[PDB]
**Q** 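This is the structure I want to talk about, given as structure tokens.
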Amino acid sequence: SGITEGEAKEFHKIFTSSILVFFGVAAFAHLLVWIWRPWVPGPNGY
Amino acid sequence: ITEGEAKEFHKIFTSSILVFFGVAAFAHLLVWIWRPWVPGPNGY
Amino acid sequence: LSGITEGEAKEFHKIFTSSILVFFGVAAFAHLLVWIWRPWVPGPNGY
Amino acid sequence: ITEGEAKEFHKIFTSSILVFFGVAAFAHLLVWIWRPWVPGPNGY
Amino acid sequence: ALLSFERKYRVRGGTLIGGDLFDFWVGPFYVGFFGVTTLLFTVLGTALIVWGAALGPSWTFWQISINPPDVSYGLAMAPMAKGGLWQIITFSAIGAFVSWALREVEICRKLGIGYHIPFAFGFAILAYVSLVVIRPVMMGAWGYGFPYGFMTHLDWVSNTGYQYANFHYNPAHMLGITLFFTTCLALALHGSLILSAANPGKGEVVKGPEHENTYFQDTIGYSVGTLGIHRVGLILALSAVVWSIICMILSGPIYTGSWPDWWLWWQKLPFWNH
Amino acid sequence: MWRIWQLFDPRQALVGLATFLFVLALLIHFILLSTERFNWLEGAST
Amino acid sequence: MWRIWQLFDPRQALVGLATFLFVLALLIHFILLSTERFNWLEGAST
Amino acid sequence: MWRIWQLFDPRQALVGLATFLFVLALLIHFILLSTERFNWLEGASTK
Amino acid sequence: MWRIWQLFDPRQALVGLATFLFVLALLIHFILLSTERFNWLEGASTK
Amino acid sequence: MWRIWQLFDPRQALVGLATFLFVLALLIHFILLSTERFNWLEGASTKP
Amino acid sequence: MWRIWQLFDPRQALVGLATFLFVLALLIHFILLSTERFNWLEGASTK
Amino acid sequence: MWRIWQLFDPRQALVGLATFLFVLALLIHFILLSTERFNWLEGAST
Amino acid sequence: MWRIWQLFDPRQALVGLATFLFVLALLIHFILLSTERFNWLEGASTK
Amino acid sequence: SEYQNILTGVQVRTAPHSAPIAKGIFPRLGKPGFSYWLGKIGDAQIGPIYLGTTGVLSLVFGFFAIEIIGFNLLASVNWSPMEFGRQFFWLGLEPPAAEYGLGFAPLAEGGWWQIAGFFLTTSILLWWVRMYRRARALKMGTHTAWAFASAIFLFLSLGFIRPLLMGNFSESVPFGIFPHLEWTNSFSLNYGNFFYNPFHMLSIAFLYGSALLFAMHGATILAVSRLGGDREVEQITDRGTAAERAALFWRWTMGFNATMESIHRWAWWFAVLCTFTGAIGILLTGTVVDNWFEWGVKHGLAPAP
Amino acid sequence: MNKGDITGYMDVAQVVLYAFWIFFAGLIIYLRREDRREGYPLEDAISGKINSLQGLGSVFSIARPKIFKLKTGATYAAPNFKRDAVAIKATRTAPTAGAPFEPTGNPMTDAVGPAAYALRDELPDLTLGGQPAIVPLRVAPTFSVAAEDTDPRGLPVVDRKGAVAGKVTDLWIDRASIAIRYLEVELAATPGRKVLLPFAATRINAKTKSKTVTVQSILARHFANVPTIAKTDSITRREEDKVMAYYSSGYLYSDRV
Ligand SMILES: CCCCCCCCCCCCCC(=O)OC[C@H](COP(=O)(O)OCC(O)COP(=O)(O)OC[C@@H](COC(=O)CCCCCCCCCCCCC)OC(=O)CCCCCCCCCCCCC)OC(=O)CCCCCCCCCCCCC
Ligand code: 07D
Ligand code: 07D
Ligand code: 07D
Ligand SMILES: CC[C@H]1c2cc3[nH]c4c(c3C)C(=O)[C@H](C(=O)OC)c4c3nc(cc4[nH]c(cc(n2)[C@@H]1C)c(C(C)=O)c4C)[C@@H](C)[C@@H]3CCC(=O)OC/C=C(\C)CCC[C@H](C)CCC[C@H](C)CCCC(C)C
Ligand SMILES: CC[C@H]1c2cc3[nH]c4c(c3C)C(=O)[C@H](C(=O)OC)c4c3nc(cc4[nH]c(cc(n2)[C@@H]1C)c(C(C)=O)c4C)[C@@H](C)[C@@H]3CCC(=O)OC/C=C(\C)CCC[C@H](C)CCC[C@H](C)CCCC(C)C
Ligand SMILES: COC1=C(OC)C(=O)C(C/C=C(\C)CC/C=C(\C)CC/C=C(\C)CC/C=C(\C)CC/C=C(\C)CC/C=C(\C)CC/C=C(\C)CC/C=C(\C)CC/C=C(\C)CCC=C(C)C)=C(C)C1=O
Ligand SMILES: COC1=C(OC)C(=O)C(C/C=C(\C)CC/C=C(\C)CC/C=C(\C)CC/C=C(\C)CC/C=C(\C)CC/C=C(\C)CC/C=C(\C)CC/C=C(\C)CC/C=C(\C)CCC=C(C)C)=C(C)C1=O
Ligand SMILES: CCCCCCCC/C=C/CCCCCCCC(=O)O[C@H](COC(=O)CCCCCCCCCCCCCCC)COP(=O)(O)OC[C@@H](O)CO
Ligand SMILES: COC(C)(C)C/C=C/C(C)=C/C=C/C(C)=C/C=C/C(C)=C/C=C\C=C(C)\C=C\C=C(C)\C=C\C=C(C)\C=C\CC(C)(C)OC
Ligand SMILES: [Cl-]
Ligand SMILES: [Fe+3]
């Protein structure tokens, strides 16, 4: 149904490197936003 | 599309997007120096 | 491109030139008389 | 359109647009002398 | 002038009345006897509208309005200055529209095609005649007709609707609306499908009936086909008009109250009238 | 001016002209019936 | 100026003129009838 | 500039001009009739 | 720049340009008429 | 799990995934703008 | 259990399942945002 | 980057670009007229 | 990474990106104009 | 009377068939049926339907929206089936009040409306992608999706884009039969009579024009149907006497005519412009014009009151 | 109040409305260009030379030819600028451009007026499978009449005056659209002569037990002159046009001829 293994492996390397970059940037973004204003309130709220 | 011309496109595409991001980054820097957009605890 | 000859173009252009000059001449006379009746550029205090 | 026709058209076009812009510039100059359209700090 | 294929069709005959005397063309237009009577009524009614504009308070096109007589006149003919002008324009307009329909019949006869078009236009005429003749006659005064004016006919629609509290609750009006919306939907789909088949995209061959049927089977599980869609599209438009006529013959001639209150029969049905 | 009939068919012209003149006559009589001074059937004083 | 009839068919031209001039004349009479000063059928004082 | 008739059919230019100029003139006369100062038929004072 | 007249037919270019420039000019005159300061026909004062 | 590309077409996967991620990101930014605490453009106080 | 993948196409299963689970997850997050106690962004107090 | 004119037809590009640029320019001038500070025709004081 | 251009047509990619980026940019400028702080044309004070 | 070609007298049958498309994750679903009465109006085949990933997505999102509406309607009559039937047309699910802005309201105070609206919106946009991709699979133009985008633009303008411009959902549309009619009535009255909104006037002209065009075009093709005129794409690619006589009827009637292809562009544009001008009229209301009658008085539609 | 204003009098809603009018005028120009992909340029009615009353919009009036690509690999251009011959087998009743033509001979066989047809391709319409679409049921064994309906085969064919023209011997069906397009009628006179009858030019009358195909278009004498087709099992677009035009002319000419 999908691609033959060789080009599946070829695609998977470019995919895996791209998704890890995307998640790495997103994690840095979430960290900076948390340092600015965290988004889990305490018992008394924010 | 051939490999050789796809590589030609990728080189010019990479050049263009770096210029686009470079101009945009300078635009954001000037706007930040005028009025930053992340507020402090007391707001702005 | 219009398919008429240089001669027909020059013949038409002569009559056209005379006709538009007559048309603009009558219009200029019309505008002069209207201006004498009521001018249409106001001063600083208006009309 | 032949190159010779294009060059001839361009000659007349260049002459005509400069006449059109010249007359328009004279119209704008007269209108400016009547009432200018760039307001100072106090407005008009 | 003529189209590249027109001359072979411009034969004599097919007139309903007047014989050969009117059987000719003025540029693209066919004349015929009903062409002449179209022009007669058109010029008369139009000039009387312009006369009404000269009588009225403004030349602002949106504001021009020729009004029916006061309801106090009943169905009598009014004086020209007091609503009679609207009455003459109304019957001239009837003459013009009927002449237009009969002229289309002559054109159908000459071309050997069916009479579906003037028949379908006959429902436009009947809708106009319902609003300016049948309804005001059954209501007993010409003053219930709509005024001839760009904004004032919309004001008459507003006044007439709110006379029955809220016209959205008229059941025939709901069905008329449904058929008008369905007509516009069907037209959007029909125009799109023919264009998508004729214009498949660059490097693609023109598609045929099998593709046309398959698109709506794939998307919505049914295709009405190329003949059925023209039947449906016609029937939808004509039914929308028929139910519009019914909704207005109900409102005033037959039912006089609040349309919101009419629906209270539903809440009183014995199987849930708690 | 008889040359006008070499431009237009007498039969068509006569019926067109008769139609035009009738519409013009009706229009003028309807205009007068809209006036005070010339509505002969109402017959306002001068 | 007679060369104009080698550009435009006289038959077409006369029908166009007659229609245009009638519509224009009819418009101007209706405009004047809408005025106070020039409505001759109402005949207001000056 | 008689060469413009080698571009354009003179008959179409005349039809286009006559159409354009009539509608433009009719527009201007209607605009003036909407004003107080230049409505010659109503003839307000130059107050 | 004369090469532009090989990309575009001069007949279409001139009629298109004349149409564009008329509609633009007409818009600007109507915009000025919508102002107090520049409506020459009504002619308010420059207070 | 490289066999996911043996299961689904990579071209339609990338078109769908890029579209999904943009719509999801746009939704989250819009939700945050709809709040007092996290609307960075209006920048309300935490009220300390 | 593996016999299920001869009864059902694994692609149709995963597409249906991923669709269901995303829509359900999105529904639950929106429901919690529509509440006082669990809207983490508004952050009301535990009174 | 002149190779972009092998991707795109110069004739269609100039038509589209001129259409885009005119509509953008016209939008920006109308936006400025909607402001108090930059409406040059009404000319409010600063 | 250049194999992405074997997967997607460069012409369609550029047309898609140009459309997307313009619409996105235009949205962000309109968003900022709605704000008090960043509406540069109205220029409210940071009081 | 001649045959008017309104109903098919004798109709034929054959093995059900359809144009090939590339293999997807999902086959064409259902066993094709035939019904006699649909075969009188049109084609008889109640054919299979295509599903696909986008079809799954659209139906799942849409089903959830319909359940959220339907459950809220029944809850509003305290689950009574008798009062549900008694009140059905009057039941509705209302948007949140204005104080909530564009954030999530409490579920009972319009939070359910926001969830239902979002899920319905997503389902409709996924159905647009379906209408698009089914055309590309058949190697057909995308004209139907772009027509549908105009209908969606009005739907989005009503439900979400104008609320976004107004800053709250309070004047968005309730899910309910008489409730959405009541919204339509009150919206006109609050903004000073929608008859004076010129874009509503445009939208009406195109709504009337659509019924005009389909009456004209439907009657035309039936008038030439004994000449093969119902075979329109064939007539587009090889002009027959049917397309010639259709053109000449209209030319001789009103002085001008379309082609067999271009009449479908007139059709497409009129139906599109109905909802497009509608959407613009909605987006200008309250945002830049607060009272349309007063705007009409300013711009000469009516005398000063 | 200042909310919508662009100038003292001008406002956003007014500006947006004029932007629509500019768009709509441009759209009408586009739509009228598309309307001119058949039949144009216009010609003088008498001489047939290319002439019409035109303004400066003539320069945008007719579009560049679009090419339709057909699944046979052939193409059709629009405009193709092909036009009908100036001479026809008819003459004007009066010498003016607007006058009608009177047929010189038998108009139904001369193919003038409603007997006229387009010179379509001498090719049959094709199924998606590349087979000819319109064929006798004899050659399409997978097709059948639905069990609910009357099969036309074996019924007499009768004109509006009650004369028998023949009997139905086959149905020609459209494989692409799945409909009956013609009945194949064996004539009563010159028995063994067969003619096609357009199915939409017929209805079945069944008020009396010996039900029959009634034909309003032409009388029984006219069936012998129905145009012939070159093949016994397929029909070209031109032959379809020729046959269908002939019957459509009956409503004007059948009591003349
Ligand atoms: C006496 C009673 C008179 C009642 C009011 C009647 C109004 C309309 C006028 C009708 C008469 C026009 C006659 C005419 O033009 O003839 C030309 C022909 C010589 O021509 P030619 O040599 O054969 O060449 C012509 C050809 O080159 C032109 O190009 P083409 O063939 O491609 O197109 C043909 C034109 C013909 O158009 C018409 O005849 C009028 C069309 C109808 C106009 C209706 C306007 C009002 C409705 C709203 C408009 C809306 C516009 C936007 O085709 C067109 O122009 C079609 C344009 C269609 C646009 C459709 C837009 C639809 C939008 C709907 C609204 C949507 C709203 C959201 O003439 C001759 O042969 C010589 C003898 C006749 C001389 C005629 C003299 C003038 C007569 C004027 C009559 C009195 C008018 C007050
Ligand atoms: C714009 C570039 C160029 C330019 C020089 C030019 C100018 C003028 N044309 Mg035009 N036109 C050009 C090109 C072109 N043109 C037309 C047509 C027509 C027909 C019917 C369409 C209609 O509804 O127009 C709608 C508007 C459109 C298409 C834009 C041009 C017309 C304007 C702005 C004038 C509108 C003002 C009026 C008082 C009303 C006029 C009369 C009627 C509509 C019945 C109608 C009579 C008409 C009038 C005029 C006038 C009065 C003028 C003046 C004032 O100069 N034009 C179409 C048609 O079918 O023609 C037979 C068509 O194909 C086509 C093309 C390509
Ligand atoms: C406060 C107002 C109130 C409000 C709540 C409300 C709302 C809505 N309603 Mg309604 N309506 C109200 C009142 C009310 N409502 C109607 C009618 C309808 C019909 C109209 C179409 C039709 O009838 O076409 C009937 C067609 C006719 C009459 C055909 C006329 C045309 C002809 C003969 C030809 C004319 C040709 C020339 C002159 C030639 C000119 C020259 C040249 C072009 C060159 C349609 C179904 C419909 C739709 C909706 C919607 C979509 C809504 C929405 C969205 O809210 N409404 C009218 C009717 O039924 O008339 C028979 C009627 O009179 C009437 C009243 C008084
Ligand atoms: C007191 C009432 C007042 C009065 C003055 C007046 C009267 C009339 N008006 Mg009106 N109207 C009023 C108010 C008013 N008016 C409108 C609109 C119009 C347009 C709609 C076009 C359309 O196709 O809609 C219809 C199309 C839509 C709404 C968009 C497409 C729909 C979509 C994508 C939804 C897809 C659905 C599903 C997937 C199913 C999901 C399932 C579930 C939820 C359970 C149309 C032309 C129109 C007609 C007339 C007429 C004929 C009259 C007469 C004769 O009086 N009116 C809308 C609009 O566009 O306004 C600019 C709108 O918002 C609005 C308002 C508030
Ligand atoms: C019945 C289904 C739909 C329909 C069908 C239909 N209409 C048709 C046809 C068909 C099949 C035609 O063949 C015919 C035609 O030729 O189309 C181009 C026509 C037509 N439909 C028309 C319009 C029209 N149809 C409308 C509606 C509809 N038409 C229905 C929705 C509307 C609406 C709802 O507003 C309008 C405006 C015309 C374009 C045309 C008929 C042309 C005609 O009759 O021409 C001869 C008459 C004149 C040129 C003018 C006569 C002037 C009178 C003397 C005065 C009229 C004054 C009037 C009473 C008041 C006006 C003021 C307004 C502000 C109210
Ligand atoms: C151009 C303007 C006109 C227009 C055009 C238009 N509408 C369109 C189109 C076009 C061109 C389409 O392509 C599209 C269409 O598909 O048409 C057939 C559509 C459409 N126009 C529609 C309606 C519509 N159009 C309207 C109007 C108009 N449409 C305008 C007049 C109106 C009104 C009020 O006037 C309505 C109501 C739809 C029929 C259709 C779009 C359908 C759609 O988006 O559906 C989304 C999905 C759902 C609603 C969900 C259904 C869920 C089922 C109950 C699921 C059951 C099975 C499932 C497997 C169960 C699963 C359960 C599990 C999850 C637990
Ligand atoms: C070249 O030629 C072409 C063809 O061939 C090749 C074609 O084929 C077509 C395509 C056209 C058709 C197949 C038929 C067109 C006919 C009409 C528009 C008129 C009749 C209406 C319809 C057939 C409905 C159109 C909409 C459909 C089929 C739905 C599309 C959407 C989905 C399948 C998914 C989402 C929607 C669903 C599941 C259902 C939507 C709701 C309905 C269909 C209405 C159901 C009814 C109600 C809710 C009740 C309303 C009324 C009430 C409460 C009161 C009265 C009570 C009643 C019971 C009515 C075209 C255009 C064409 O060009
Ligand atoms: C198979 O796909 C199909 C196509 O095709 C392939 C098509 O195309 C179409 C058609 C559709 C379109 C082209 C799409 C566009 C259409 C619409 C959006 C619909 C709306 C229509 C309009 C806005 C146009 C409206 C115009 C009209 C109604 C025509 C107005 C014209 C007249 C009233 C003049 C009529 C002329 C007559 C009767 C005779 C000739 C007269 C003159 C030319 C002028 C006046 C007369 C003279 C100068 C002299 C003669 C006068 C006499 C004798 C009388 C004198 C006395 C007096 C009182 C005047 C369809 C449906 C189709 O399905
Ligand atoms: C120059 C010096 C003079 C010498 C020359 C004099 C002789 C020559 C004059 C010809 C002009 C008159 C004929 C006009 C018709 C000629 C043909 C025509 O359509 O011309 C257009 C104007 O049409 C028309 O106004 C036709 C108009 C017909 C209808 C008129 C109605 C008027 C009355 C109601 C008004 C109020 C309505 C209500 C408003 C609210 C302008 O071209 P245009 O390229 O776009 O054409 C399209 C075509 O080129 C596309 O192939
Ligand atoms: C299971 O068995 C059945 C199916 C029988 C269950 C019963 C079902 C029933 C009976 C359902 C009945 C439904 C009815 C009667 C529906 C009527 C609907 C009508 C008439 C609707 C009319 C118009 C509505 C419109 C235009 C609404 C549009 C709303 C929109 C576009 C809202 C969008 C909202 C968004 C995007 C929200 C964004 C904010 C977020 C979520 C991001 O943050 C709060
Ligand atoms: Cl029938
Ligand atoms: Fe069609």
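In the text below, chain A, chain B and the rest are named by the order of the sequence lines, each starting its count at 1.
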**Q** Between N:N5 and chain O, with a heavy-atom cut-off of 4.5 Å, which part of the residue counts as in contact: side chain, backbone, both or neither?
**A**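 For N:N5, the side chain is the part near chain O, not the backbone.
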
**Q** With a 4.5 angstrom heavy-atom cut-off, which part of N:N197 approaches chain O: side chain, backbone, both or neither?
**A** neither

**Q** So N:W146 and N:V272, do their side chains get closer than 4.5 Å, heavy atoms only?
**A** no

**Q** For the pair N:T285 (side chain) and N:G281 (backbone), establish whether a donor and an acceptor sit closer than 3.5 Å, ignoring hydrogens and angles.
**A** yes

**Q** Is the backbone N or O of O:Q216 less than 3.5 Å from a side-chain atom of O:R160, with the two atoms forming a donor-acceptor pair by type?
**A** yes

**Q** Sub-3.5 Å donor-acceptor pair from the side chain of N:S262 to the main-chain atoms of N:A258, do we have one?
**A** no

**Q** For the pair N:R251 and O:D35, find out whether any cationic side-chain nitrogen is under 4.0 Å from an anionic carboxylate oxygen.
**A** no

**Q** Could you check which of O:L123, O:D241, O:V243, O:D174 has the highest count of heavy-atom pairs closer than 4.5 Å to chain N?
**A** O:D241

**Q** If the threshold is 4.0 Å, N to carboxylate O, is there a salt bridge linking O:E148 and N:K40?
**A** no

**Q** Under 4.5 Å heavy-atom distance to chain O, tell me which part of N:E244 shows up: side chain, backbone, both or neither.
**A**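 The answer is the side chain of N:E244.
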
**Q** Counting only non-hydrogen atoms closer than 4.5 Å, does O:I173 touch chain N with its backbone (N, CA, C, O), its side chain (CB onward), both, or neither?
**A**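 Answer is side chain: those atoms of O:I173 sit under 4.5 Å from chain N.
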
**Q** For O:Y246, which atoms come within 4.5 Å of any heavy atom of chain N: side chain, backbone, both, or neither?
**A**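 Looking at O:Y246, nothing touches chain N.
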
**Q** Does any heavy atom of chain N fall under 4.5 Å from the side chain of O:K242, the backbone, both, or neither of them?
**A** neither

**Q** Quick check on the interface: out of N:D43, N:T8, N:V289, N:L202, who has the most heavy-atom pairs with chain O under 4.5 Å?
**A** N:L202

**Q** Answer yes or no: does atom CZ of N:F276 have more than 12 heavy-atom neighbours from other residues, nucleotides or ligands under 6.0 Å?
**A**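 Not buried by this count: 12 neighbours or fewer within 6.0 Å.
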
**Q** Which bit of O:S144 is near chain N, if near means a heavy-atom gap under 4.5 Å: side chain, backbone, both or neither?
**A**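 It is both, since atoms from each part get that close.
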
**Q** Quick one: which of O:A179, O:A116, O:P198 has the most heavy-atom pairs under 4.5 Å with chain N, could you say?
**A** O:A116

**Q** With a 4.5 angstrom heavy-atom cut-off, is it the side chain or the backbone of O:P114 that approaches chain N, or both, or neither?
**A** both

**Q** Side chain, backbone, both or neither: which part of N:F199 has an atom under 4.5 Å from a heavy atom of chain O?
**A**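 Side chain of N:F199 only, per the 4.5 Å heavy-atom cut-off to chain O.
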
**Q** Do you know which of O:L171, O:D121, O:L128, O:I28 has the most heavy-atom pairs with chain N at a distance under 4.5 angstrom?
**A** O:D121

**Q** With a 4.5 angstrom heavy-atom cut-off, which part of O:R237 approaches chain N: side chain, backbone, both or neither?
**A** side chain

**Q** Select one option (side chain, backbone, both, neither) describing which atoms of N:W268 are under 4.5 Å from chain O's heavy atoms.
**A**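 When you check distances to chain O, no heavy atom of N:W268 falls under 4.5 Å.
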
**Q** Considering only heavy atoms and a distance below 4.5 Å, find which of N:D290, N:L284, N:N257 pairs most often with chain O.
**A** N:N257

**Q** Between N:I236 and chain O, which part of the residue has a heavy atom less than 4.5 Å away: side chain, backbone, both or neither?
**A**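 Both parts, backbone and side chain.
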
**Q** Between O:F20 and chain N, which part of the residue has a heavy atom less than 4.5 Å away: side chain, backbone, both or neither?
**A**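 Just its side chain gets close to chain N.
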
**Q** How about N:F194 and N:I282: do any of their side-chain heavy atoms sit closer than 4.5 Å?
**A**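 They are in side-chain contact.
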
**Q** Using heavy-atom distances under 4.5 Å, tell me whether N:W266 contacts chain O through its side chain, its backbone, both, or neither.
**A** both

**Q** Compare all side-chain heavy atoms of N:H143 with those of N:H264 and state whether any distance is below 4.5 angstrom.
**A** no

**Q** Is O:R181 in contact with chain N via its backbone, its side chain, both, or neither, using a 4.5 Å heavy-atom distance?
**A** side chain

**Q** So for atom OH, which belongs to O:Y18, do other residues, nucleotides or ligands contribute more than 12 heavy atoms lying within a distance under 6.0 Å?
**A** no

**Q** Please check this pair: side chain of N:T253 against backbone of N:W250, looking for a donor-acceptor N/O pair closer than 3.5 Å.
**A**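 Here the side-chain-to-backbone pair does not exist.
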
**Q** Does O:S61 use its side chain to pair, donor to acceptor, with the backbone of O:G57 at less than 3.5 Å?
**A**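 No, the answer is negative, given that no donor and acceptor are paired below the 3.5 Å cut-off.
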
**Q** Taking the basic N atoms (NZ, or NE/NH1/NH2) and the acidic carboxylate oxygens, is any pair closer than 4.0 Å for O:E34 and O:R37?
**A** yes

**Q** My understanding is that only one of O:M244, O:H222, O:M108 makes a side-chain contact (heavy atoms from CB on, under 4.5 Å) with O:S249; could you say which?
**A**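 With O:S249 as partner, O:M244, O:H222, O:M108 yield a single side-chain contact (heavy atoms from CB on, under 4.5 Å), made by O:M108.
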
**Q** O:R32, O:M1, O:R33: which one forms the most heavy-atom pairs within less than 4.5 Å of chain N?
**A**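 Heavy-atom pair counts peak at O:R32.
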
**Q** Of all of O:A201, O:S217, O:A176, O:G4, which one pairs up most often with chain N through heavy atoms under 4.5 Å apart?
**A** O:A201

**Q** Of the backbone (N, CA, C, O) and the side chain (C-beta and beyond), which part of O:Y247 lies under 4.5 Å from a heavy atom of chain N, both, or neither?
**A** neither

**Q** Against chain N, label O:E240 side chain, backbone, both or neither, depending on which of its atoms sit under 4.5 Å from a heavy atom there.
**A** side chain

**Q** With a 4.5 angstrom heavy-atom cut-off, is it the side chain or the backbone of N:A243 that approaches chain O, or both, or neither?
**A**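 For N:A243, no heavy atom lies under 4.5 Å from chain O.
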
**Q** When only pairs under 4.5 Å are counted, which of N:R226, N:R231, N:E234, N:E2 shares the most heavy-atom pairs with chain O?
**A**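 Heavy-atom pairs under 4.5 Å are most numerous for N:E2.
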
**Q** Quick one: does any side-chain atom of O:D170 pair with a main-chain N or O of O:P136 as donor and acceptor, under 3.5 Å?
**A** no

**Q** Under 4.5 Å from any heavy atom of chain N, what part of O:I134 do you find: side chain, backbone, both or neither?
**A** side chain

**Q** Whether O:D151 and O:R153 form a salt bridge (side-chain N of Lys/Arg under 4.0 Å from carboxylate O of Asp/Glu) is what I want to check.
**A**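 Answer for the salt bridge query: yes.
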
**Q** I need the residue from O:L70, O:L27, O:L119 with the largest number of non-hydrogen atom pairs under 4.5 Å to chain N.
**A**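 Winner by heavy-atom pair count: O:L27.
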
**Q** Between O:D255 and O:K161, is the closest basic N to carboxylate O distance under 4.0 Å?
**A** yes

**Q** Would you mind checking which part of O:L17 comes under 4.5 Å of any heavy atom in chain N, side chain (CB onward), backbone (N, CA, C, O), both or neither?
**A**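 Both backbone and side chain.
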
**Q** Where does O:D5 contact chain N at under 4.5 Å (heavy atoms): side chain, backbone, both or neither?
**A**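 Only the side chain of O:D5 comes within 4.5 Å of chain N.
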
